[PDB]
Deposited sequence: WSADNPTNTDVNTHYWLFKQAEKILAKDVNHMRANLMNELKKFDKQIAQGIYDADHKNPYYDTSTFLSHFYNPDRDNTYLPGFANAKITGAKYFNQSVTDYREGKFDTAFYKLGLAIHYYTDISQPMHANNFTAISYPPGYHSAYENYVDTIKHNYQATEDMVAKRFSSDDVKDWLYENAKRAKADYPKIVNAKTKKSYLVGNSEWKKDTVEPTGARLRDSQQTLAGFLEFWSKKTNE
């Protein structure tokens, strides 16, 4: 996903938690508010710094759940990297290192939301054909995400596992399922010809993907809270 889609997803997920408050969510919400700056910096650092250091860090933003099986040394994908920061943040929190914990939570949020973008779940990079469509699409999403803010009917979506690796896998699987709505013969030809049909063709599937990502991120934050409270 000055693009701010990742932080925006975090804010929408916070709204989903707040609108249906319960005991544990109230404690989590107070923490997320108090440590917003630390979380925001983690999101930003993964967003605007990490992808551009080399190809190892660039690859860390992608995870194809139907391919990226074995870990080749020095080539961590988004599932491995996201799980690393998530698990370290839980450990730091439980040791009382809150500032670091919430920063690393921000890092984990970036990787988890990155693979909710279908291109990131199917090895479609900025140099995949047609070159430039990846960045054009993400810039476009930034301009229209405000039409798909959290709504009253939404819920936190959870996955059935105590292991965050599986949350990352399942979030990417859902995104990959939407890849044909974003990258297809029609949108690729539209982007090459230079008309805006790809924008009209992808806006509603983008809105559904963003609204799903908000909900799975709300569940992910609740899961983070559960792990810290174990």
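Enquirer: Compare the deposited sequence with the modelled residues and state the ranges that are missing C-alpha positions.
Expert: Residues missing from the model, as numbered along the full deposited sequence, span only 2-9.
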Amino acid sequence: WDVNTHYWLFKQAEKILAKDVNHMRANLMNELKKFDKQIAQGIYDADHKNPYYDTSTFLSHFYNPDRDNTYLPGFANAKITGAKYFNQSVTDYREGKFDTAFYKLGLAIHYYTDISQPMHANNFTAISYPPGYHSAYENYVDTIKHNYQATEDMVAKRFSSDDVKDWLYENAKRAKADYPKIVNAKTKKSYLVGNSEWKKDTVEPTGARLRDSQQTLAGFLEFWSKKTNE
From here on, numbers count along this sequence of modelled residues.
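Enquirer: Decide which of the stretches 122-130 and 85-93 has the higher mean C-alpha B-factor, going by the entry.
Expert: Comparing 85-93 with 122-130, the higher average CA B-factor belongs to 122-130.
Enquirer: Going by the mean C-alpha B-factor recorded in the entry, which is higher: 44-52 or 25-33?
Expert: Of 25-33 and 44-52, the stretch with the higher C-alpha B-factor average is 44-52.
Enquirer: Out of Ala175, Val193, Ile39, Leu168, which residue has the highest Cα temperature factor in the PDB record?
Expert: That would be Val193, according to the entry.
Enquirer: Using the entry's values, work out which of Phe102, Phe75, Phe159, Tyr140 has the largest Cα B factor.
Expert: So the option with the highest C-alpha B-factor is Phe75.
Enquirer: Please say which third, lowest, middle or highest, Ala108 falls into when its CA temperature factor is compared across its chain.
Expert: According to the entry, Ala108 has a C-alpha B-factor in the chain's lowest third.
Enquirer: Which third, lowest, middle or highest, does the C-alpha temperature factor of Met154 belong to within its own chain?
Expert: It falls in the top third of the chain.
Enquirer: Based on the entry's values, in what third of the chain does the Cα temperature factor of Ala18 lie: lowest, middle or highest?
Expert: Answer is highest: the recorded C-alpha B-factor places it there.
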